[PDB]
Amino acid sequence: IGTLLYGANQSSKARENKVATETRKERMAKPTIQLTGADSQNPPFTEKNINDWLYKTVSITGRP
Amino acid sequence: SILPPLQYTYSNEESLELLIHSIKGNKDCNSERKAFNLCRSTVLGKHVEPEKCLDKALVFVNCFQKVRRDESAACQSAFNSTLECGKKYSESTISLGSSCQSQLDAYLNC
Amino acid sequence: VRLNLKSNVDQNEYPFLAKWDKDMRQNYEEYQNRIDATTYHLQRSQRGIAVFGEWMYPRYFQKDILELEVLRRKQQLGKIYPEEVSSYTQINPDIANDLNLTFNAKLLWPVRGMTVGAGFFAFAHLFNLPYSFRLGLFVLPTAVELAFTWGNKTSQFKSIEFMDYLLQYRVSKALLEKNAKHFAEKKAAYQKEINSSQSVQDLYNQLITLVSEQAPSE
Amino acid sequence: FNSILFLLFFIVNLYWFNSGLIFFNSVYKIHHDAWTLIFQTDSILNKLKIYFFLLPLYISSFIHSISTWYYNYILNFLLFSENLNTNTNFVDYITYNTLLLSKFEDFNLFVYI
Amino acid sequence: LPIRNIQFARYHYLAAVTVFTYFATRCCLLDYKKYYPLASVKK
Amino acid sequence: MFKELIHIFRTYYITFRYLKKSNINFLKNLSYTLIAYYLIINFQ
Amino acid sequence: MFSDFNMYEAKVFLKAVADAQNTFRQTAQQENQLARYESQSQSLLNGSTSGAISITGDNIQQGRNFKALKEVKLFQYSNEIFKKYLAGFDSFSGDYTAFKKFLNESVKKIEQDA
Amino acid sequence: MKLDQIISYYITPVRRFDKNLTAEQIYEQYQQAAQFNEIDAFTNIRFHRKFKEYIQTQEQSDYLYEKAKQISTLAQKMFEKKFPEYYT
Amino acid sequence: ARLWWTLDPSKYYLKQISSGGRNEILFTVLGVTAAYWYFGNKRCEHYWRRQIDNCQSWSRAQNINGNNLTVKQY
Amino acid sequence: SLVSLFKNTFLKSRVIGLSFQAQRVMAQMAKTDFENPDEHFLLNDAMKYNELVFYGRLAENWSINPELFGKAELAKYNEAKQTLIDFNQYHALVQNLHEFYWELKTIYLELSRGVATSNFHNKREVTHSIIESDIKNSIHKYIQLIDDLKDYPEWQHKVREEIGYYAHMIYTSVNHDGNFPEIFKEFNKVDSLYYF
Amino acid sequence: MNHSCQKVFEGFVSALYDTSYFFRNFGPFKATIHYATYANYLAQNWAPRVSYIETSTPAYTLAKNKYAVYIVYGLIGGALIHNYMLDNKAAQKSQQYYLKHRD
Ligand SMILES: CCCCCCCCCCCCCCCCCC(=O)OC[C@H](COP(=O)([O-])OCC(O)COP(=O)([O-])OC[C@@H](COC(=O)CCCCCCCCCCCCCCCCC)OC(=O)CCCCCCCCCCCCCCCCC)OC(=O)CCCCCCCCCCCCCCCCC
Ligand SMILES: CCCCCCCCCCCCCCCCCC(=O)OC[C@H](COP(=O)([O-])OCC(O)COP(=O)([O-])OC[C@@H](COC(=O)CCCCCCCCCCCCCCCCC)OC(=O)CCCCCCCCCCCCCCCCC)OC(=O)CCCCCCCCCCCCCCCCC
Ligand SMILES: CCCCCCCCCCCCCCCCCC(=O)OC[C@H](COP(=O)([O-])OCC(O)COP(=O)([O-])OC[C@@H](COC(=O)CCCCCCCCCCCCCCCCC)OC(=O)CCCCCCCCCCCCCCCCC)OC(=O)CCCCCCCCCCCCCCCCC
Ligand SMILES: CCCCCCCCCCCCCCCCCC(=O)OC[C@H](COP(=O)([O-])OCC(O)COP(=O)([O-])OC[C@@H](COC(=O)CCCCCCCCCCCCCCCCC)OC(=O)CCCCCCCCCCCCCCCCC)OC(=O)CCCCCCCCCCCCCCCCC
Ligand SMILES: CCCCCCCCCCCCCCCCCC(=O)OC[C@H](COP(=O)([O-])OCC(O)COP(=O)([O-])OC[C@@H](COC(=O)CCCCCCCCCCCCCCCCC)OC(=O)CCCCCCCCCCCCCCCCC)OC(=O)CCCCCCCCCCCCCCCCC
Ligand SMILES: CCCCCCCCCCCCCCCCCC(=O)OC[C@H](COP(=O)([O-])OCC[N+](C)(C)C)OC(=O)CCCCCCCCCCCCCCCCC
Ligand SMILES: CCCCCCCCCCCCCCCCCC(=O)OC[C@H](COP(=O)(O)OCCN)OC(=O)CCCCCCCCCCCCCCCCC
């Protein structure tokens with residue numbers, strides 16, 4: 001019973017992971033956003049609204 | 001919960017001031033309020049074309065603002081006395097007693 | 001307010017608006033009397049004392065508040081036609097079944113209960129049961145149907161939702177009729193240029209999204 | 001040879017088939033064209049797992065394939081017309097149609113009943 | 001023979017009956033929509 | 001109260017005589033449960 | 001505190017004031033909504049005529065003249081102003097008062113540069 | 001519940017305005033709040049999402065939206081100055 | 001007639017348990033815990049509320065079929 | 001085995017405690033009539049009657065762990081189990097007799113409603129064949145029970161006094177014509193004389 | 001009644017009786033009914049109570065059986081009063097929080 005429940009959980013996780021992959025692929029398919037100057041110095045990314053920018057292509061300038 | 005939520009948070013002092021000013025206005029400028037209600041009761045004047053009631057609403061709001069802005073020194077004194085008594089009544093968590101009807105009547109008769 | 005029953009709207013130019021205003025004015029007196037009665041009852045119950053009143057005024061007089069809200073919205077709407085009910089059938093298939101139980105539109109007979117009673121009557125006739133027994137078995141399903149039919153304040157809630165929807169729809173329709181002549185000229189070129197029947201707001205939102213996604217920031 | 005046992009087995013098979021149909025419908029909605037990648041995986045363990053857990057679906061598909069083959073043969077015999085769409089051999093046709101499970105993509109037993 | 005808290009039991013039964021009747025009949029919470037026509041008006 | 005009501009119904013109505021004391025007790029238990037539920041819910 | 005008559009008078013007066021504020025809101029919203037509908041319709045017509053976008057069925061597609069679209073110009077200028085004047089707005093994890101001060105300073109800068 | 005507590009539910013839906021402001025000034029403020037500009041389509045997108053992080057009361061909502069509208073109006077004026085062609 | 005009204009408890013339900021009095025304190029504790037939980041949830045839901053009315057509070061309507069809700073001017 | 005220990009302790013305690021009361025419970029059941037043999041337990045005082053009814057099944061079914069039992073303790077538990085089984089059989093017999101009594105009372109009630117003064121809608125002058133046959137078969141079964149209860153004079157006397165009362169009432173409720181002699185042939189032998 | 005209807009009625013009543021008997025005497029159903037009956041008896045005749053017949057001498061009666069009513073009253077009253085005080089405190093906290101947040 002334990003391993004059957006684990007297998008069912010694994011199948012559910014597989015479905016959830018593929019749905020996440022599909023949505024992330026759709027998000028990445030969008031054109032890249034170029035952040036320069038003031039935007040580059042102050043990136044829009046924030047923990048408050050990170051989901052809006054998650055898995056989105058951004059061209060940013062900075063000093064590594 | 002079934003009670004409606006609050007939109008604007010009024011301090012106790014602000015709530016008492018607005019309540020007293022509203023009571024005073026309901027006597028001072030009742031005609032404008034009645035005209036505004038009459039113009040806003042109709043479907044055309046309420047939903048379809050509310051702009052026709054704009055002038056009457058402006059007049060009523062001007063009258064209410066005049067009431068709120070106590071110009072006379074006697075009016076200011078009476079309002080201050082009534083507001084202080086109301087503050088004491090509200091802050092009195094112990095068993096409540098006498099009312100502020102006398103002070104309200106003086107402010108309305110000012 | 002004692003509004004007059006003669007609508008001041010021009011029927012030749014704003015037919016639906018004039019009809020709505022006429023119906024609203026016609027029913028306003030009755031609905032205002034009902035609203036005044038309800039408000040008086042509420043305020044007196046509040047003025048009551050201890051358990052007879054204030055101690056449990058807001059929380060236990062809920063049916064009165066619901067009736068007051070229903071009366072206010074129905075007064076604002078004036079009258080309801082089957083076309084709007086069919087329109088709202090999209091979101092509420094049982095809209096008619098709820099509006100009939102909410103408002104005193106038509107007399108409702110317990111048809112299902114009477115049919116069950118007739119079936120029990122046939123059973124009793126077949127098995128030679130007393131006429132008193134079969135009459136009781138006819139009354140019982142009718143009573144059950146009536147009990148399950150009347151009341152049902154969920155129907156009143158859904159009627160309130162439908163009335164809000166209908167009021168918004170009527171306001172939008174009135175604006176459409178008011179601005180039809182102004183938008184006539186622009187409408188022809190829009191029909192001759194755009195072959196889609198979708199809403200301008202939806203198309204503009206989609207265009208804004210497309211610009212935000214594809215247009216270069218530069 | 002008990003009617004009660006037969007009915008219980010039939011009910012259990014119905015429930016199992018319905019669950020398999022729901023699972024397959026979800027997996028197909030998620031893998032419109034990639035479902036075969038997991039259903040017919042070359043791994044023996046995965047193949048056995050799929051066959052065991054979708055046995056009602058596979059037996060139903062086998063019965064449907066046999067019935068369709070016989071019906072097509074009857075039509076050809078009666079009408080002197082064409083072949084079974086193509087000239088596929090019996091073994092190839094039956095194996096292909098039994099392995100193919102897309103026929104259940106939009107089918108739910110409870111909804112149909 | 002002695003009954004523990006017999007007076008408490010009597011009062012609890014009386015209170016239960018009173019509350020049940022109160023909620024069932026709504027005797028204290030009457031309706032005055034019928035009295036509205038027979039009442040004066042202010043303002 | 002409930003006992004008195006049941007007694008009056010049994011002594012006056014001939015048809016009510018069919019019910020057993022067991023059935024009367026079952027009705028009593030259901031009525032007590034419903035009354036308790038009513039008292040609890042009215043305050044919720 | 002006060003007599004019930006005075007309380008009901010105050011309730012009626014407050015209802016009237018709320019209705020007046022609603023009247024103001026309705027008037028302004030209706031006017032600006034008519035203006036918005038006219039502007040959006042005209043923008044869509046101009047785009048379709050110039051070929052910036054192709055509107056078929058229930059979808060809008062990028063045309064060959066997309067770069068000249070007035071909506072594109074508006075978006076570019078909005079980005080330009082958000083960069084030059086209202087910098088740091090996208091990521092400003094400050095207090096409410098600090099946010100208000102930042103908005104006020106941005107408004108003052110825009111007014112000065114306008 | 002006493003009238004002293006009930007009246008709070010009728011005092012709450014009234015927006016607070018300075019007692020020295022005229023009805024015309026209040027209506028002008030409402031008009032400015034409801035003003036419409038073409039550039040609003042994108043500035044609103046970039047403003048409201050941020051404002052969702054700070055709005056917890058109607059007063060905060062009003063202040064933030066009014067400031068956004070003022071900024072949008074200034075931006076619209078500047079854009080009209082920059083691109084006279086689209087507005088002739 | 002015979003007088004029968006009385007507030008006294010019936011001896012049928014007055015029996016005690018073998019270990020002492022009936023299980024009163026335990027059930028009172030359980031009821032107090034349940035009431036605490038219920039009233040805490042109700043208070044938390046009731047008091048921490050506000051009504052925000054702005055454009056972001058409105059979303060596009062749709063039918064039960066998922067399509068956008070639009071009604072013609074028939 | 002802590003769980004086994006707890007199970008055995010519970011079973012022993014309940015079984016022995018209720019075996020010590022089965023005698024009183026059965027005596028009260030015998031004392032009460034067949035219309036509601038549990039009337040005393042339902043109305044006046046439930047002297048572990050429901051407890052006996054519940055735990056009889058447990059004694060019959062639930063297993064035992066002798067290693068957790070002593071010698072005299074095991075013997076006492078077996079005696080209590082046998083007593084509970086006897087109580088179950090007695091309850092089954094009482095239920096059967098009570099149901100037969102209620103069958104006869106149903107016949108009597110059907111007759112009574114026919115002659116009720118309030119019966120202004122279903123007044124029938126002549127008794128019908130269905131109820132006549134029901135009465136005949138019920139009387140035949142009652143006579144068979146009386147014959148089968150020959151070895152228990154007290155049980156036979158109670159069965160007569162309780163069940164045959166309604167048979168005598170049915171006898172009195174109809175005139176002595178038509179099929180009456182054939183219907184009450186068996187009753188008239190002894191039972192009619194007793195109810196005079 | 002008509003003899004044909006009598007046959008039908010006899011068959012119907014026999015079917016009803018057989019169905020009821022089977023459902024009541026079926027193994028799992030019988031066990032469920034038995035356990036549910038004992039549970040209902042326990043719930044109805046052994047519910048928590050404050051008044052009971054005292055058949056023990058004051059020397060053989062526990063102090064719990066003498067102060068249970070007082071303990072229960074104290075618990076209930078304290079719970080109600082504490083809930084009222086918590087409601088007041090939550091009201092004050094929410095008022096202060098939103099006031100300091102704005103206006
Ligand atoms: C499948 C199974 C079978 C199904 C069958 C079908 C039917 C359903 C059956 C199910 C079983 C449950 C049925 C309910 C029980 C019925 C009992 C009964 O009939 O007894 C009759 C029998 C009647 O006998 P009687 O001779 O008439 O005597 C009654 C008189 O009233 C004599 O009464 P009394 O005197 O003994 O009084 C009772 C005593 C009882 O009290 C208690 O001990 C109880 C306390 C409450 C505890 C609550 C515990 C709840 C726990 C819940 C946990 C969560 C559950 C979640 C479930 C999830 C599912 C798994 O009360 C008190 O002690 C009074 C307290 C008063 C407090 C006063 C406060 C004053 C404050 C001020 C302080 C001082 C300030 C001074 C200031 C000075 C300023 C100057 O009653 C009793 O003898 C017992 C007392 C009555 C108890 C009532 C209990 C009702 C419970 C209802 C529960 C409903 C739940 C539904 C859940 C739904 C979920 C979906
Ligand atoms: C609007 C909201 C909805 C309202 C409706 C709600 C209904 C809910 C479901 C009701 C289910 C009831 C049936 C189950 C209960 C047990 C019945 C039973 O034992 O079955 C066998 C028993 C039949 O036994 P049987 O062997 O055939 O009869 C011979 C035995 O000796 C008989 O021995 P017994 O002593 O056992 O039999 C007595 C039997 C009573 O049976 C009888 O013996 C005779 C029944 C008819 C009596 C008719 C009146 C006779 C003359 C009296 C004087 C009146 C003068 C009026 C003029 C005055 C002018 C100043 O008593 C009962 O039925 C007990 C329960 C009665 C109350 C519940 C039913 C109320 C129904 C009310 C509506 C009736 C339909 C509309 C009528 C109006 C149309 C314009 O009952 C039935 O099968 C018949 C059931 C009753 C049928 C309706 C008869 C009319 C009753 C009117 C009562 C008025 C009360 C005032 C308040 C009304 C407010 C709405
Ligand atoms: C709380 C949330 C969760 C609830 C879960 C409920 C689950 C119920 C499932 C029932 C399954 C069938 C049971 C068959 C019987 C098997 C047990 C047995 O034979 O009894 C052995 C044992 C002793 O029996 P006995 O040896 O035959 O004793 C009686 C003889 O007279 C000999 O007597 P004695 O003089 O020798 O003395 C022995 C004394 C021995 O007593 C004890 O030893 C028990 C004392 C109490 C508990 C003590 C321990 C406390 C701590 C427990 C910790 C557990 C932690 C669990 C951890 C789990 C983690 C996974 O016996 C008693 O006094 C019996 C007490 C009966 C209490 C009845 C309560 C009825 C009222 C309930 C509702 C209250 C609501 C009030 C609301 C008012 C608001 C204003 O009895 C019990 O276990 C008592 C069980 C009573 C409750 C069962 C019914 C509950 C139903 C609640 C209402 C639900 C309605 C919902 C809607 C309906 C559809 C869902
Ligand atoms: C949605 C909400 C739902 C919840 C709320 C509900 C509210 C409404 C009331 C509901 C009432 C109706 C309930 C449905 C009827 C149930 C009928 C049933 O069980 O059928 C079996 C019954 C078969 O058994 P049987 O024929 O009577 O027995 C012979 C068999 O050969 C078996 O032979 P065996 O010897 O191998 O097996 C005997 C025993 C398995 O034997 C064992 O392995 C040992 C079991 C424990 C024995 C007792 C030891 C107690 C130790 C002290 C504990 C103290 C705790 C702390 C408190 C201390 C202070 C007081 O197996 C059973 O038959 C178990 C019956 C149920 C439990 C009986 C024990 C009651 C007392 C213990 C629990 C209550 C606490 C009392 C605390 C106070 C005590 C003084 O019939 C069926 O097979 C029917 C099956 C189909 C129906 C559904 C089945 C559901 C199964 C549920 C099992 C639950 C287990 C307990 C869970 C506890 C979790 C915390
Ligand atoms: C149509 C469906 C109705 C379903 C009813 C509910 C399910 C059955 C009851 C389960 C236990 C409930 C809790 C205990 C309550 C107290 C029980 C009691 O004292 O009743 C006896 C007492 C004595 O009367 P009697 O006429 O001499 O006995 C019945 C006749 O023998 C025979 O006459 P009869 O008319 O009763 O014949 C049966 C006829 C039925 O006739 C009808 O059409 C009945 C019409 C009245 C319906 C009443 C509805 C009451 C709803 C509440 C029930 C309580 C539980 C639910 C609580 C939450 C509710 C929200 O058709 C059936 O067989 C019905 C289906 C039976 C399947 C039962 C499946 C196992 C039990 C499942 C539920 C257990 C609770 C689980 C909780 C959750 C666990 C996780 O009977 C009554 O109370 C009369 C009313 C009938 C009550 C239901 C049936 C009881 C059967 C008990 C038989 C015991 C053996 C007989 C002696 C043998 C000695 C050797
Ligand atoms: C919405 C519907 C409303 C309908 C309203 C109907 C009202 C019905 C009121 C009924 C009152 C009670 C009598 C019927 C029920 C009796 C039940 C019962 O238990 O009784 C059983 C007993 C009868 O049975 P029994 O006496 O044989 O007792 C049973 C005995 N064993 C068990 C042995 C069989 O009592 C009666 O039925 C008594 C009936 C008396 C009838 C009196 C009639 C008076 C008529 C007056 C007319 C006045 C006209 C004036 C005109 C003036 C013009 C100017
Ligand atoms: C032909 C037509 C035929 C028609 C037939 C119709 C038959 C219908 C039969 C059923 C309906 C009967 C209705 C009777 C009237 C209502 C009576 C009532 O409410 O009480 C019921 C019962 C107590 O009354 P009763 O049992 O009847 O009399 C006992 C006398 N010692 O109460 C109970 O037992 C209920 C359980 C609770 C009892 C009270 C408990 C104490 C009260 C305080 C509880 C505190 C809880 C915790 C604290 C809360 C507050 C802080």
# chains A, B, ... in the order shown; residues from 1 in each chain; ligands from 1
call {"tool": "interface_residues", "arguments": {"of": "chain B", "to": "chain G", "cutoff": "10 Å", "atoms": "only C-alpha atoms", "output": "NGL selection string"}}
result
:B and (18-27 or 29-30 or 33-34 or 36-37 or 40 or 45-54 or 56-58 or 60-61 or 64 or 85-86 or 89-90 or 96-105)
call {"tool": "residues_near_ligand", "arguments": {"ligand": "ligand 7", "cutoff": "9 Å", "atoms": "only C-alpha atoms and all ligand atoms", "output": "PyMOL selection string"}}
result
(chain E and resi 9-21) or (chain F and resi 1-6+9-10+13+16+24+27-37+39-40+43) or (chain I and resi 5-10+28+31) or (chain K and resi 49+73+76-77+80)
call {"tool": "write_last_selection", "arguments": {"atoms": "C-alpha atoms", "output": "short mmCIF file (atom, residue, chain, number, x, y, z; two decimals), in the first residue's frame"}}
result
data_model
loop_
_atom_site.label_atom_id
_atom_site.label_comp_id
_atom_site.auth_asym_id
_atom_site.auth_seq_id
_atom_site.Cartn_x
_atom_site.Cartn_y
_atom_site.Cartn_z
CA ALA E 9 -31.26 20.74 36.84
CA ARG E 10 -34.65 22.44 37.25
CA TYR E 11 -33.24 25.82 36.20
CA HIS E 12 -31.40 24.27 33.25
CA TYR E 13 -34.58 22.55 32.05
CA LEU E 14 -36.57 25.77 32.43
CA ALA E 15 -33.93 27.76 30.54
CA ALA E 16 -33.78 25.16 27.76
CA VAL E 17 -37.57 25.21 27.37
CA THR E 18 -37.63 29.01 27.41
CA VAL E 19 -34.88 29.29 24.79
CA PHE E 20 -36.45 26.64 22.55
CA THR E 21 -39.85 28.34 22.68
CA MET F 1 -44.14 16.76 28.00
CA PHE F 2 -43.13 14.44 25.16
CA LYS F 3 -44.47 11.51 27.18
CA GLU F 4 -47.77 13.32 27.69
CA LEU F 5 -48.07 14.17 23.99
CA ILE F 6 -47.39 10.57 22.98
CA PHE F 9 -52.02 10.64 20.71
CA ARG F 10 -51.99 6.93 21.60
CA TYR F 13 -55.96 7.99 17.78
CA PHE F 16 -51.27 5.41 16.42
CA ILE F 24 -41.82 5.67 20.44
CA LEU F 27 -38.91 9.05 17.95
CA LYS F 28 -38.01 10.37 21.41
CA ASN F 29 -34.28 10.06 20.70
CA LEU F 30 -34.63 11.72 17.30
CA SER F 31 -36.65 14.56 18.83
CA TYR F 32 -34.08 15.11 21.58
CA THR F 33 -31.25 15.16 19.04
CA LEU F 34 -33.15 17.62 16.84
CA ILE F 35 -33.93 19.88 19.81
CA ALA F 36 -30.28 19.90 20.87
CA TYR F 37 -29.23 20.68 17.29
CA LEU F 39 -30.58 25.02 20.39
CA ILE F 40 -26.94 24.82 19.32
CA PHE F 43 -26.72 30.57 18.61
CA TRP I 5 -46.09 19.32 35.01
CA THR I 6 -42.81 19.46 36.91
CA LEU I 7 -39.28 20.76 36.39
CA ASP I 8 -37.68 17.91 38.36
CA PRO I 9 -35.31 15.61 36.45
CA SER I 10 -36.41 12.10 35.56
CA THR I 28 -16.99 20.67 29.24
CA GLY I 31 -16.80 22.03 24.39
CA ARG K 49 -24.91 15.58 33.00
CA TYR K 73 -19.93 26.93 35.41
CA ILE K 76 -18.11 28.20 30.66
CA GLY K 77 -18.21 31.67 32.19
CA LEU K 80 -17.40 33.43 27.40
#
call {"tool": "interface_residues", "arguments": {"of": "chain G", "to": "chain A", "cutoff": "9 Å", "atoms": "only C-alpha atoms", "output": "compact mmCIF listing (two decimals) with N, CA and C atoms, in the first residue's frame"}}
result
# COMPACT_ATOMS: atom_id res chain seq x y z
N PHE G 82 9.21 56.24 -17.74
CA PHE G 82 9.44 55.43 -16.55
C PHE G 82 10.93 55.28 -16.26
N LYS G 83 11.76 55.29 -17.30
CA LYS G 83 13.20 55.23 -17.10
C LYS G 83 13.75 56.58 -16.62
N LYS G 84 13.46 57.64 -17.37
CA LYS G 84 14.11 58.92 -17.10
C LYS G 84 13.65 59.52 -15.77
N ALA G 87 12.28 56.42 -12.06
CA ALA G 87 13.22 55.31 -11.96
C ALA G 87 13.12 54.64 -10.60
N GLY G 88 13.30 53.32 -10.59
CA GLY G 88 13.24 52.54 -9.37
C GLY G 88 11.85 52.18 -8.90
N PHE G 89 10.81 52.61 -9.62
CA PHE G 89 9.44 52.33 -9.19
C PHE G 89 9.14 50.84 -9.23
N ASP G 90 9.63 50.14 -10.25
CA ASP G 90 9.29 48.73 -10.41
C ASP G 90 9.70 47.92 -9.18
N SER G 91 10.89 48.18 -8.64
CA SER G 91 11.40 47.50 -7.46
C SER G 91 11.71 48.56 -6.40
N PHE G 92 10.72 48.86 -5.56
CA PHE G 92 10.86 49.82 -4.46
C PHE G 92 10.25 49.17 -3.23
N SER G 93 11.07 48.43 -2.48
CA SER G 93 10.62 47.73 -1.28
C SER G 93 10.82 48.62 -0.06
call {"tool": "atom_distance", "arguments": {"atom1": "atom 16 (C, counted along the ligand's line) of ligand 3", "atom2": "CA of residue 41 in chain K"}}
result
10.7 Å
call {"tool": "select_by_dssp", "arguments": {"residues": "chain B", "states": "helix (DSSP H, G or I)", "output": "ChimeraX atom specification"}}
result
/B:12-28,30-41,43-48,50-68,73-91,101-109
call {"tool": "residues_near_ligand", "arguments": {"ligand": "ligand 6", "cutoff": "10 Å", "atoms": "only C-alpha atoms and all ligand atoms", "output": "list in words"}}
result
residues 8, 9, 10, 11, 12, 13, 14, 15 and 17 of chain F; 109, 111, 112, 113, 114, 115, 116, 117, 118, 119 and 120 of chain J
call {"tool": "write_last_selection", "arguments": {"atoms": "N, CA, C and O atoms", "output": "short mmCIF file (atom, residue, chain, number, x, y, z; two decimals), in the first residue's frame"}}
result
data_model
loop_
_atom_site.label_atom_id
_atom_site.label_comp_id
_atom_site.auth_asym_id
_atom_site.auth_seq_id
_atom_site.Cartn_x
_atom_site.Cartn_y
_atom_site.Cartn_z
N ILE F 8 -51.38 11.11 24.85
CA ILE F 8 -52.63 11.63 24.32
C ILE F 8 -52.87 11.10 22.92
O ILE F 8 -53.98 10.66 22.58
N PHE F 9 -51.84 11.13 22.07
CA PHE F 9 -52.02 10.64 20.71
C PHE F 9 -52.37 9.16 20.70
O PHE F 9 -53.25 8.73 19.95
N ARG F 10 -51.71 8.36 21.55
CA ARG F 10 -51.99 6.93 21.60
C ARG F 10 -53.40 6.66 22.10
O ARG F 10 -54.10 5.78 21.58
N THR F 11 -53.85 7.39 23.13
CA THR F 11 -55.15 7.11 23.71
C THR F 11 -56.30 7.61 22.83
O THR F 11 -57.40 7.05 22.89
N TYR F 12 -56.07 8.65 22.02
CA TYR F 12 -57.15 9.21 21.21
C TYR F 12 -57.18 8.67 19.79
O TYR F 12 -58.27 8.47 19.24
N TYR F 13 -56.03 8.44 19.16
CA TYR F 13 -55.96 7.99 17.78
C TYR F 13 -55.79 6.47 17.75
O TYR F 13 -54.86 5.94 18.36
N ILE F 14 -56.70 5.79 17.05
CA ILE F 14 -56.64 4.34 16.97
C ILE F 14 -55.45 3.90 16.12
O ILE F 14 -54.78 2.91 16.43
N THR F 15 -55.17 4.62 15.03
CA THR F 15 -54.09 4.22 14.14
C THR F 15 -52.73 4.30 14.83
O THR F 15 -51.84 3.50 14.54
N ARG F 17 -51.93 3.36 17.58
CA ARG F 17 -51.70 2.18 18.41
C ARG F 17 -50.71 1.22 17.77
O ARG F 17 -50.13 0.38 18.48
N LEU J 109 -56.54 -4.53 15.58
CA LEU J 109 -56.64 -3.11 15.26
C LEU J 109 -57.37 -2.90 13.94
O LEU J 109 -58.16 -1.95 13.81
N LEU J 111 -59.71 -4.81 12.78
CA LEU J 111 -61.12 -4.98 13.12
C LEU J 111 -61.67 -3.76 13.85
O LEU J 111 -62.78 -3.30 13.57
N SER J 112 -60.90 -3.22 14.80
CA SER J 112 -61.38 -2.12 15.62
C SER J 112 -61.63 -0.87 14.79
O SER J 112 -62.64 -0.19 14.96
N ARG J 113 -60.70 -0.55 13.88
CA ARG J 113 -60.89 0.62 13.03
C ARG J 113 -62.14 0.48 12.17
O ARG J 113 -62.79 1.48 11.84
N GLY J 114 -62.51 -0.75 11.82
CA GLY J 114 -63.74 -0.96 11.08
C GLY J 114 -64.98 -0.61 11.88
O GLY J 114 -65.95 -0.08 11.33
N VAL J 115 -64.97 -0.90 13.18
CA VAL J 115 -66.12 -0.64 14.04
C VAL J 115 -66.00 0.68 14.79
O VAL J 115 -66.88 1.00 15.60
N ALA J 116 -64.93 1.44 14.56
CA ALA J 116 -64.77 2.71 15.26
C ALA J 116 -65.90 3.66 14.90
O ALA J 116 -66.34 3.73 13.75
N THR J 117 -66.37 4.41 15.91
CA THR J 117 -67.44 5.37 15.66
C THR J 117 -67.00 6.44 14.67
O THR J 117 -67.79 6.86 13.81
N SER J 118 -65.75 6.90 14.78
CA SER J 118 -65.25 7.91 13.86
C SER J 118 -65.18 7.41 12.42
O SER J 118 -65.05 8.22 11.50
N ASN J 119 -65.26 6.10 12.21
CA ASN J 119 -65.12 5.52 10.88
C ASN J 119 -66.41 5.74 10.09
O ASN J 119 -67.22 4.84 9.86
N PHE J 120 -66.59 6.99 9.67
CA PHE J 120 -67.72 7.37 8.83
C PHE J 120 -67.45 7.14 7.35
O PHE J 120 -68.34 7.38 6.53
#
call {"tool": "interface_residues", "arguments": {"of": "chain C", "to": "chain H", "cutoff": "10 Å", "atoms": "only C-alpha atoms", "output": "PyMOL selection string"}}
result
chain C and resi 46-47+53-59+204-205+208-209+211-212
